[PDB]
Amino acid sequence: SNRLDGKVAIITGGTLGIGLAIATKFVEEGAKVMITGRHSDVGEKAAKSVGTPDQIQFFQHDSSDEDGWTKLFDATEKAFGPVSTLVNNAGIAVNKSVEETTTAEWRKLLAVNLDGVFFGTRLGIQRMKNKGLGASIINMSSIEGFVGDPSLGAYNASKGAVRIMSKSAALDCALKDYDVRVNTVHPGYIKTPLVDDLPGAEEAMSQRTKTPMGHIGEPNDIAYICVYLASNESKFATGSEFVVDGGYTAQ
């Protein structure tokens, strides 16, 4: 209760799964939220499922769309006032090794997972700095930003990039007294409707050689660390990686 009072958050890919849970908990803690997603059908439903338009709205946007980022920030401020909090959560995966990744696949994934995060972080710093907002940028950077996976080559590239680019941004903001923190969150495997739609995926993810807890997480596991990072409770945390993975990376 009240942990995000006054905050105004953008959550990319906020209409499903992890992003939707982050949105839900943000609203519960007093934030106003603009969620984005590619599909209006899904997105309007999602916003209404969380709260009323005075609490949460949807904005249709592909995070790779540089011009759309400007429109997104403007729409959010029009609805809720100046943005304090950005969660760069939108992302896609290609299930290919580096060897077998086509250049089109490479470019498509990087456009969302790397360029999109860059566009959001860059614009967020510019729009959120020097306003006394306790501003916070939270970049979703995966266990695949720490360890490789033989069949996630491009995804690994994107997540390693987000991990270290976020430190750069954190440092510049800190050094310049911008009142903007930047941190990364690194989920392990999380149960969502999309995982449920892939037969055997959860079971394979839950083997002890993968996730030592013997089961996978759930979207609220990621929501709660994001509440901490968005809140003023984490005012001394910047440039750091927050891993919530069931032990995946500990072995």
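Note that residue numbering begins at 1 and tracks the sequence as displayed.
Chemist: Tell me which stretch has the larger mean Cα B-factor in this entry, 190-198 or 207-215.
Modeler: The recorded data point to 190-198.
Chemist: Please work out which of 141-149 and 125-133 has the higher mean CA B-factor as recorded in the PDB entry.
Modeler: Averaging CA B-factors over each stretch, the winner is 125-133.
Chemist: Highest recorded C-alpha temperature factor, please, choosing from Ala169, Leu86, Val162, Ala79.
Modeler: Spelled out: the listed residue with the top C-alpha B-factor is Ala79.
Chemist: Could you say which of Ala23, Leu16, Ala230, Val243 has its CA atom at the highest B factor, as listed in the PDB entry?
Modeler: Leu16 has the highest C-alpha B-factor of those listed.
Chemist: Just say lowest, middle or highest third for the CA B-factor of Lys96 relative to the other modelled residues in its chain.
Modeler: Within its chain, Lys96 is a middle-third residue by C-alpha B-factor, going by the deposited values.
Chemist: Splitting the chain's C-alpha B-factors into thirds, which one does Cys226 fall into?
Modeler: CA B-factor rank for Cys226: lowest third.
Chemist: Report the third (lowest, middle or highest) to which the CA temperature factor of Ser64 belongs, ranking only the modelled residues of the same chain.
Modeler: As the PDB entry reports it, the C-alpha B-factor of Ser64 lands in the highest third of its chain.
Chemist: Looking at the C-alpha B-factor of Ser40, is it in the lowest, middle or highest third of its chain?
Modeler: Highest third - that is where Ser40 ends up once the chain's C-alpha B-factors are sorted.
Chemist: Within this chain's modelled residues, let me know which third the CA B factor of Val182 belongs to: lowest, middle or highest.
Modeler: Within its chain, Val182 is a lowest-third residue by C-alpha B-factor, going by the deposited values.
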